[PDB]
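**Student:** Next one to model:
(one chain, ligands or ions: 1)
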Amino acid sequence: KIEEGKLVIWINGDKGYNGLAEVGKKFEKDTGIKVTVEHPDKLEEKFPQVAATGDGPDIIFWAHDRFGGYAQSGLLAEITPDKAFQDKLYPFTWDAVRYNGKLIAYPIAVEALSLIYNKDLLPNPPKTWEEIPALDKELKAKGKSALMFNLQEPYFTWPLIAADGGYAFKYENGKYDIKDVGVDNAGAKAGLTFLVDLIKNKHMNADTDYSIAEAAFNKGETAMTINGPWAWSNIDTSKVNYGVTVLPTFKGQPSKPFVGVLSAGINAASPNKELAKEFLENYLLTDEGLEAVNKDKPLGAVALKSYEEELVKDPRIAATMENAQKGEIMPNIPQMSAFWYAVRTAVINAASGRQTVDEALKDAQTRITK
Ligand SMILES: OC[C@H]1O[C@H](O[C@H]2[C@H](O)[C@@H](O)[C@@H](O)O[C@@H]2CO)[C@H](O)[C@@H](O)[C@@H]1O
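**Tutor:** Numbering: from 1, shown residues only. And now the structure:
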């Protein structure tokens with residue numbers, strides 16, 4: 001199951017698992033408790049299965065969106081931070097990790113997609129999406145692509161879809177409407193249609209995924225990429241002169257990236273809940289622990305106020321927060337998994353041409369409602 005006396009931690013590969021392992025080494029040096037940090041592939045899907053079995057990580061790291069479904073399943077132990085620690089973290093991050101009136105994960109960092117552009121290839125990033133086709137034509141003349149970003153994951157395409165009116169679920173009266181879904185509305189169709197026109201006009205390739213986009217940007221092949229702060233470390237190693245900026249507007253409206261608070265959830269099956277709480281509150285959710293994770297891969301804005309006051313000074317973090325303000329914090333509700341699956345199918349099918357934009361978004365609407 002979950003072995004006692006040890007912390008097993010699941011965090012995504014793009015995130016700073018090596019820095020988190022450094023925090024775990026500090027935790028071991030102080031407490032005698034080994035912390036093993038693992039980055040299983042598809043961990044957001046894997047943790048529900050193993051946690052339902054009672055196996056799994058002691059601590060699960062993901063964006064909050066997935067923790068509401070976990071808590072509904074009962075996978076997450078209700079975290080019990082005292083009011084002082086909640087004061088240390090930002091209230092909106094706490095709201096992101098609140099599910100059914102209970103805090104079900106520890107917020108670590110706020111992550112929003114930003115437009116990352118190569119300043120040498122692109123001295124000024126386009127302010128609008130509509131500029132990108134002409135910019136791509138000019139760059140293709142130069143042997144370069146204007147924009148390469150992950151098209152397999154709905155999370156990267158979502159800002160374009162949301163910009164003109166697309167939404168996952170209607171939020172009103174402090175309650176998301178699971179029945180009311182905005183992916184097949186006109187604004188979402190406009191965003192997906194623009195993306196598919198970029199693919200059809202060969203400004204973008206439908207097969208482009210996270211690895212291809214990151215490699216193209218880091219090698220200098222593409223002028224722009226859309227990515228979270230975690231990519232900044234690889235761009236820094238690449239030595240590409242890059243800026244992090246607001247996502248381009250679509251139809252005069254800001255791209256709304258779905259805003260994810262990286263969250264640490266304690267497995268309800270874990271016999272190490274006290275050790276996990278100790279690690280997260282006094283080792284991770286501290287300036288030094290967040291610095292260790294951030295140094296491996298930038299976390300974005302951090303839920304911890306004291307570290308974020310230092311982090312906000314970074315222009316890249318400022319762009320992340322600007323894009324987070326323009327975007328919507330994700331709903332953490334259980335329906336969000338189904339929403340992400342349906343939007344993934346819609347974007348992939350529309351990009352490939354397997355389905356029209358309208359057919360894909362209609363199917364996505366039916367599946368996000370279900
Ligand atoms: O693409 C759907 C996906 O979106 C979000 O996952 C993000 C995550 O928030 C980022 O930190 C980073 O890992 O990129 C991911 C997308 O590849 C949701 O958190 C996730 O549940 C959802 O499936």
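**Student:** Spell out the secondary structure type for residue 116.
**Tutor:** At residue 116 the chain is in strand, as set by DSSP: H, G, I helix; E, B strand; the rest coil.
**Student:** Pull the contacting residues for the closest residue to it other than its chain neighbours.
**Tutor:** Nearest non-adjacent residue to residue 116, counting by C-beta to C-beta, 6 or more residues apart in numbering: residue 225, 4.9 Å away. Bear in mind the C-beta positions are built from the backbone N, C-alpha and C, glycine included. Taking C-beta atoms under 8 Å, 6 or more residues apart in numbering, we find residue 225 in contact with 115, 116, 117, 147, 148, 149, 213, 214, 216, 217, 231.
**Student:** Mind putting the residues you listed into TSV with secondary structure?
**Tutor:** Formatted as TSV, those follow (three-state DSSP):
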residue	secondary structure
115	strand
116	strand
117	strand
147	strand
148	coil
149	coil
213	helix
214	helix
216	helix
217	helix
231	helix
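**Student:** Tabulate these (JSON lines), appending neighbour count.
**Tutor:** Shown next, in JSON lines, are those (neighbours: other C-beta atoms under 10 Å):
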{"residue": "115", "neighbour count": "25"}
{"residue": "116", "neighbour count": "28"}
{"residue": "117", "neighbour count": "26"}
{"residue": "147", "neighbour count": "28"}
{"residue": "148", "neighbour count": "25"}
{"residue": "149", "neighbour count": "27"}
{"residue": "213", "neighbour count": "28"}
{"residue": "214", "neighbour count": "22"}
{"residue": "216", "neighbour count": "20"}
{"residue": "217", "neighbour count": "29"}
{"residue": "231", "neighbour count": "27"}
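**Student:** closest to residue 325 among these?
**Tutor:** residue 115 (14.6 Å; C-beta to C-beta).
**Student:** and which of the contacts of residue 225 is nearest the ligand?
**Tutor:** Taking C-beta to the nearest ligand atom as the measure, the ligand sits nearest to residue 231 out of those, at 9.4 Å.
**Student:** one step back: confirm that the residue nearest to residue 116 lies within a strand, as I assumed.
**Tutor:** Yes - assessed with three-state DSSP, residue 225 lies in a strand.
**Student:** Residue 268 and residue 76 touch, don't they?
**Tutor:** Yes - taking C-beta atoms under 8 Å as the definition, residue 268 is a contact partner of residue 76 at 5.9 Å.
**Student:** what about those two, which has more around it?
**Tutor:** Shown here are residue 268 and residue 76; by other C-beta atoms under 10 Å, residue 76 has more neighbours (27 against 19).
**Student:** What residues does the more buried one make contact with?
**Tutor:** Residue 76 touches 60, 67, 70, 104, 105, 265, 266, 267, 268, counting by C-beta under 8 Å, 6+ apart.
**Student:** So what does it have for phi and psi?
**Tutor:** In terms of degrees, to the nearest 10, the main-chain angles of residue 76 are phi -90, psi 130.
**Student:** cool, and residue 365?
**Tutor:** Main-chain dihedrals, residue 365, degrees, to the nearest 10: phi -60, psi -50.
**Student:** nearest residue to it other than its sequence neighbours?
**Tutor:** Residue 365's closest residue in space is residue 184 (C-beta to C-beta, 6+ apart), at 3.7 Å.
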